[PDB]
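Close look at the chain arrangement
One-letter residues, chain by chain:
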Amino acid sequence: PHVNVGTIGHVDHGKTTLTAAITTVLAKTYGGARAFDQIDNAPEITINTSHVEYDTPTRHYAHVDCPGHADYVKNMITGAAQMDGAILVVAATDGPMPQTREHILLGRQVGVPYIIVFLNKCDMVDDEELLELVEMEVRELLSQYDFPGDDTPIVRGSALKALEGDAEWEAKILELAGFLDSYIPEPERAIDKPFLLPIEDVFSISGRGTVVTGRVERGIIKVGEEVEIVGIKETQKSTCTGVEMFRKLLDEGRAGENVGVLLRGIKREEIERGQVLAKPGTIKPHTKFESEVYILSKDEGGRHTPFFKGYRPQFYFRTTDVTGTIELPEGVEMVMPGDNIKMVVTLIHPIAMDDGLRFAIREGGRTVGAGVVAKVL
Ligand SMILES: Nc1nc2c(ncn2[C@@H]2O[C@H](COP(=O)(O)OP(=O)(O)OP(=O)(O)O)[C@@H](O)[C@H]2O)c(=O)[nH]1
Ligand SMILES: [Mg+2]
Ligand code: NA
Ligand code: NA
């Protein structure tokens, strides 16, 4: 029973120290352990990121911890962070800083579902009034970006004094680990999410209509069930006459399976690149949306010059490129390579969409950036 988390926060606020403390304390108590030098030196579009593993008696955790702001932007945009919930590290010394807010903002924009707060460097704070002011400031900061500030768990502590061995502070690491179990709910498994099949290929087969092939991203497609072809044009409705995996005849199409879905009355020429197969009324097609994009730098194989309002690139949603016009934020004059901005995208063709969906920005078949669907319009 695996859950994905990460340490989010401002530079030097004690993110790496906390990650090491989490591994060591749960290792002394339940099982395992990693030290600062191991997590600070992060491996690996250059996203430097450490991937840590730790266990609770009830769950398994994959943890992400990055050296600087750049790697948090990159990981949240590119989806690679896979966070089911985040841990915001706030120092009681400094309090919410520029990157604290920017990490909460991006959290709202990339769809990080739950944020738990660890108030670090309490060993260095002697006034209680100071800690309550830093905690209120964080509660205020979370509720601004639609997070449940009043219902958010805020653990007071010292990642370093617990890392060193002081038993009083190891009790706060265990408190944190508890809220990672009680407060992050079990993520909904794909087989339970309504049916979604990105059309990867199409064929006109012998005496049995049209076959649509691809990988079932969510739920199940049962033979005889009504379906929808959402995307590039107006939504067409069909019926699943059959499900075929290679030469094996099936009646079910389960999530994570590469199948061939036989459709009724649908013709090879009515199927387009980028279209999907969905449970009726579970996914709608959109052209206009708010985005959170990261543009590749020269030393990342991206653009070597900036782009403006008149920029019109391709947006690789699931299976294909779709040209789109852009709307830059007020006061945003241009986008340099290596930049991170919000942008309103207007696609030529509608794509089946909901918030959280990722895309790649391209220019003549080469990736030049990456984005997230912040809000559909
Ligand atoms: N007093 C005290 N210092 C701490 C605590 N946690 C971290 N520090 C120190 O704060 C410094 C920076 O903390 P880091 O763990 O490196 O935090 P970071 O967010 O990963 O940032 P970088 O310094 O840029 O790598 C280090 O010298 C830590 O020893 C704490 O609980 N108490
Ligand atoms: Mg670090
Ligand atoms: Na049938
Ligand atoms: Na992509």
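What counts as what
Residues numbered from 1 in each chain as written, not as in the entry; some residues may be left out. Chains lettered and ligands numbered in written order. Heavy atoms only, no water. Residues with missing side-chain atoms left out of burial classes, pairs and counts. UniProt positions renumbered as here; feature names shortened; annotations may be inferred. Helix = DSSP H or I, 4+ residues; strand = E, 2+ residues; numbered from the N terminus. Contact = heavy atoms within 4.5 Å. Domains from an automatic or database assignment. Pairing = 2+ DSSP bridges. Axes fitted to C-alpha atoms, helices over the stretch in contact; angles between N-to-C directions. Expected span 1.5 Å × (residues − 1). Buried < 20%, exposed > 50% of the residue type's maximum accessible area, 1.4 Å probe, protein only. Salt bridge = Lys/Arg side-chain N within 4 Å of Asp/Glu carboxyl O.

X-ray crystallography is the method the PDB entry states for this structure, with the resolution given as 2.75 Å.

**Re the UniProt feature "binding site: Mg(2+)" in the protein chain**
In the numbering adopted here, UniProt assigns the feature "binding site: Mg(2+)" to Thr16. Mapped onto the fold, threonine 16 is located in helix α1 (residues 15-29). The residues contacting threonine 16, other than those within four sequence positions of it, are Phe36, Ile39, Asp40 and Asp65.

**Things to note about the domain arrangement of the protein chain**
Split by domain assignment, the protein chain resolves into domain 1 (1-187), domain 2 (190-284) and domain 3 (285-377). For domain 1 versus domain 2, the distance between C-alpha centres works out to 41 Å.

**Describing the sheet that holds strand β15 (residues 284-295)**
The strands making up a sheet associate through backbone hydrogen bonding, with each pair oriented either parallel or antiparallel. The strand order across the open sheet built from 6 strands is β16-β19-β20-β15-β18-β17, with neighbouring strands paired in antiparallel fashion. For this open sheet the edge positions go to β16 (314-316) and β17 (324-327), each flanked by a neighbour on one side alone. Sheet twist, expressed as the average angle between the axes of neighbouring strands with direction ignored, equals 40°. Direction of pairing for strand β19 (residues 358-363) relative to strand β20 (residues 366-376): antiparallel, over a ladder of 6 bridges. When the bridges of β20 are listed, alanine 360 appears paired with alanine 370.

**Describing α1**
Compared with the 21 Å implied by 1.5 Å per residue over 15 residues, the 21 Å span of α1 between its first and last C-alpha is a close match. Most of α1 sits out of view: 13 of its 15 residues are buried.

**Points about the pattern of salt bridges**
It is possible for side chains bearing opposite charge to pair when their charged atoms get close. Under the defined criterion, the tally for this structure stands at 11 salt bridges. Between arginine 139 and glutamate 135 there is a salt bridge, and its shortest N-O distance comes to 2.8 Å. One end of the pair, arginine 139, and the other, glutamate 135, are both in helix α5 (residues 128-144), 4 residues apart, so they sit about a helical turn from each other. A residue is classified by how much of its surface remains accessible, and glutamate 135, at 19% relative accessible area, is buried. Residue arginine 268 pairs with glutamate 269 through a salt bridge whose shortest N-O separation is 3.2 Å. Judged by its relative accessible area of 58%, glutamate 269 falls in the exposed class. One connected set of salt bridges, linked through shared partners, spans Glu135, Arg139 and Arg156.

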